[PDB]
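*Asks:* Handing you a structure now.
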Amino acid sequence: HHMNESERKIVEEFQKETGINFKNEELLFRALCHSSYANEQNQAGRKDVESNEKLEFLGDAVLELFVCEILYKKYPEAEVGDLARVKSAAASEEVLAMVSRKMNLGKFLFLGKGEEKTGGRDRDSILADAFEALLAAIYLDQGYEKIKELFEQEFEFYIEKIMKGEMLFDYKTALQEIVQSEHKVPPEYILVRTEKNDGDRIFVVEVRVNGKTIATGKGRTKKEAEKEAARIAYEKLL
Amino acid sequence: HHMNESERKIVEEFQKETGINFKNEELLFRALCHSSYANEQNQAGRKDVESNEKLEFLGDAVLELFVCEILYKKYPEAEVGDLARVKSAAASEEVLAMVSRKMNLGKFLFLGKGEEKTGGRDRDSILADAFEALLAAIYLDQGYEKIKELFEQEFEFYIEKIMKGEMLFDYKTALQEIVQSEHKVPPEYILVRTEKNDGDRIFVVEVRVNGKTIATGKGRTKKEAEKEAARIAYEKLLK
């Protein structure tokens with residue numbers, strides 16, 4: 001398949017924006033191609049444009065192994081019934097769409113005009129599916145180690161939340177909504193210090209409202225600590 | 001977990017017999033331990049004897065990726081629906097038990113006395129589970145490339161049969177039974193030719209009864225051709 005100008009631009013923007021470069025850019029294009037766009041282009045005579053359905057099929061297996069490996073290695077004392085519970089929760093459409101949105105994945109999808117007109121770019125199923133297809137593309141292009149490099153830290157965090165029975169969602173967005181509603185101002189995040197416990201560098205962030213510290217969260221990155229802080233503040237405020 | 005004498009001998013034998021040598025033998029031991037054995041040993045004070053249930057949980061995902069990767073790479077034209085159908089069949093208990101039996105896995109399992117007495121060593125589910133657990137052990141000890149090196153060819157063969165809609169089972173044993181019954185002699189497999197056909201070498205095997213050829217089979221190895229010849233002969237002998 002020969003990428004036309006607008007397709008090449010999108011493919012270039014995706015790599016620049018997400019930082020995920022590809023050796024074979026055709027794998028990336030394919031992962032982002034919803035069937036509605038492949039059908040549209042094929043009907044326009046571009047028979048080599050293909051959907052992400054096959055990559056999604058492989059991607060789901062890549063994801064399952066990636067999540068189960070984290071569970072097996074990180075929770076040796078967990079009952080097998082617990083590994084299975086968490087596995088299902090971690091690989092769910094809900095988590096994947098959340099991950100996709102955080103990556104602004106919707107911006108880079110190729111959709112047929114009708115799908116575009118009817119909200120497909122915001123559809124949880126389409127986003128989750130494209131994310132799985134992306135994992136297969138990265139797996140095929142650069143290997144399983146790259147998948148861990150890009151996503152293990154992020155998923156270890158989601159799996160920890162789920163294993164601990166803590167509800168998982170976009171913490172920062174939820175906290176902002178509740179703080180603006182009750183105080184008419186947004187929450188402020190302050191990195192107050194860093195630590196080096198367990199071997200990893202740890203960021204300590206306090207979330208405050210009107211200068212008052214509501215909660216303190218810790219994480220392996222500034223972003224993660226902010227997320228943790230928002231989770232704690234949200235649960236506390238409620 | 002310290003391996004006692006009998007556990008040590010089983011582990012050593014497994015490695016010598018299959019040729020799959022482990023850097024970390026505890027992984028191999030755990031894969032071979034059915035819950036009935038672990039529970040029996042724990043109750044007797046050996047608390048570090050663990051079952052293969054966690055390895056099997058990981059092993060199942062290793063198996064799914066292994067089969068899906070083959071399906072994705074080898075059948076680019078297949079509809080996704082065919083890929084999902086073949087995946088389920090390829091990773092099924094039936095196929096996995098067949099594979100386990102080919103590796104004589106049943107002889108290396110650790111089972112509780114009661115479980116062993118009730119026929120556990122021949123139980124399809126126990127065999128399939130330990131094989132998935134073994135895949136996890138090998139994956140953790142030696143890596144994914146070792147899994148392909150050991151099982152890719154074999155699974156590509158099963159996958160091809162299922163993808164073509166051809167029933168999959170122990171062809172040879174099934175043909176043996178039907179030929180022995182009708183003729184009072186067993187079928188014979190004769191490698192009549194080997195050749196390199198734009199890929200690698202391919203063996204041509206003829207299966208015969210009393211010197212008469214019943215069918216011819218081709219494969220990437222002699223054993224594969226023999227299985228193919230038996231499959232063909234068996235289907236034929238339902239004339």
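If you go along the chain as it appears here, the first residue is 1 and each next one adds 1.
Including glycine, each Cβ sits where the backbone N, Cα and C put it.
So Swiss-Prot has the following annotated:
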type     : residues              : note
ACT_SITE : A:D60                 : active site
ACT_SITE : A:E132                : active site
BINDING  : A:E56, A:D129, A:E132 : Mg(2+) binding site
DOMAIN   : A:11-143              : domain 'RNase III'
*Asks:* Would you list the other residues of this chain near Mg(2+) - those whose C-beta lies within 8 angstroms of the C-beta centroid of A:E56, A:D129, A:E132 - in sequence order?
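*Replies:* Leaving out the recorded residues gives A:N52, A:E53, A:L55, A:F57, A:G59, A:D60, A:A128, A:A130, A:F131, A:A133, A:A136.
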*Asks:* Could you give me the DSSP helix, strand and coil counts for the domain 'RNase III' (A:11-143)?
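*Replies:* Counting residues by DSSP class gives 99 helix, 2 strand, 32 coil.
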*Asks:* State the Cα to Cα distance, in Å, between A:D129 (Mg(2+) binding site) and A:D60 (active site), rounded to an integer.
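*Replies:* Rounded to a whole number, the Cα-Cα distance is 9 Å.
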*Asks:* Let me make sure I understand the structure: which of the binding-site residues listed (A:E56, A:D129) has the fewest other Cβ atoms within 10 A of its Cβ?
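*Replies:* Sparsest of the binding-site residues A:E56, A:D129 by Cβ contacts within 10 Å: A:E56.
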